[PDB]
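Novice: Show me the folded form of this:
(2 chains)
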Amino acid sequence: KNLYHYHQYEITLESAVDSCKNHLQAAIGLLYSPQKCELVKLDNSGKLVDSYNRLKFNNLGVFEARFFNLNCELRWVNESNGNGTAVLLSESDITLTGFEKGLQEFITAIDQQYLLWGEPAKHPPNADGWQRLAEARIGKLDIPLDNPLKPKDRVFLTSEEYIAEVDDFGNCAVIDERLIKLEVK
RNA sequence: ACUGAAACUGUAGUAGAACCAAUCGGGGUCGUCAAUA
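Specialist: Residues are numbered from 1 along each chain as shown, chains lettered A, B, ... in the order given. The coordinates are given below.
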């Protein structure tokens, strides 16, 4: 049982997304910038509607990103001037141009949940495939969810933790966690 | 790769109960005084 991971270096974010786009289809992105943490959704093709401008670094731009869908997750972090390391995590063996494949054996993987911030807002956003949670603590949170949220729905980010031996003594740990999807409970 | 936000150590509770500032006492009445030569 292997967790496959694919790594590329000195690559810009928008190139990293494009180089992965056949796998990141419909992925939720979480982009990290000095001023904003924003969710995005890639097209079912995997593109983003302002991709270059959205993923540009040089003007308070994206220094870290995570893209996740059912099959895989892309991670990117800026090393210098908007060029940085991409790692894609997938439980499936897959081919990528330029990415060096690796793998980790893991003993088992276990489901985990994270409750998202907020209750369903009294109306969803005007954008299709978006919903609004809100909590007085943070205000609105627009999430790329296509289910119309019922009152007293709660949204959970589901993840899978991979457990492996860290020591030659046999000590186990969770070696990584892959984010999967938003789910309504 | 960037300070969280916002939140009254307040709310109720009598320094009080008990203890006599009191007990006894006719506003009365008679023998001297002094020490030397």
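
Novice: give me every residue that touches residue A:107.
Specialist: A:1, A:163, A:164, A:165, A:172 (C-beta atoms under 8 Å, 6 or more residues apart in numbering). All C-beta spots, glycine's among them, are computed from the backbone N, C-alpha and C.

Novice: how close does the spatially closest residue to residue A:33 that is not a sequence neighbour sit to residue A:88?
Specialist: Ranked by C-beta to C-beta, 6 or more residues apart in numbering and with sequence neighbours excluded, the top spatial neighbour of residue A:33 is residue A:62, at 5.4 Å. Taking C-beta to C-beta, to the nearest Å as the measure, residue A:62 falls 17 Å from residue A:88.

Novice: residues near the residue lying closest to residue A:26 once chain neighbours are set aside, how many?
Specialist: Closest residue to residue A:26 apart from its sequence neighbours, by C-beta to C-beta, 6+ apart: residue A:44 at 5.1 Å. Close neighbours of residue A:44, defined as other C-beta atoms under 10 Å, add up to 8.

Novice: which stretch of helix or strand covers residue A:160?
Specialist: Using DSSP states H and E, residue A:160 sits in strand A:155-165.

Novice: Tell me the gap between that strand and the middle of its chain.
Specialist: 13 Å (C-alpha atoms, centre = their mean, to the nearest Å).

Novice: and chain A, which residues reach RNA strand B?
Specialist: A:34, A:60, A:63, A:64, A:77, A:78, A:79, A:84, A:137, A:138 (C-beta under 7 Å from any atom of the strand).

Novice: Grab the longest strand from chain A for me.
Specialist: strand A:172-184 (DSSP state E).

Novice: Confirm residue A:16 sits in a strand?
Specialist: No. Going by DSSP: H, G, I helix; E, B strand; the rest coil, the assignment for residue A:16 is helix, not a strand.

Novice: what's around it, how many residues?
Specialist: The burial count for residue A:16: 26, using other C-beta under 10 Å.

Novice: and if you look at the one 10 residues further on?
Specialist: Each residue near residue A:26 was counted by other C-beta under 10 Å, and the total is 16.

Novice: For it, which three-state class applies?
Specialist: Following three-state DSSP, residue A:26 is assigned to coil.

Novice: any idea how far RNA strand B is from it?
Specialist: 27 Å (C-beta to the nearest atom of the strand, to the nearest Å).

Novice: tell me the phi and psi of that residue?
Specialist: phi 60, psi 20 (degrees, to the nearest 10).

Novice: isn't it right next to residue A:40, touching?
Specialist: No. In this structure, residue A:26 is not within contact of residue A:40 by C-beta atoms under 8 Å, at 11.2 Å.
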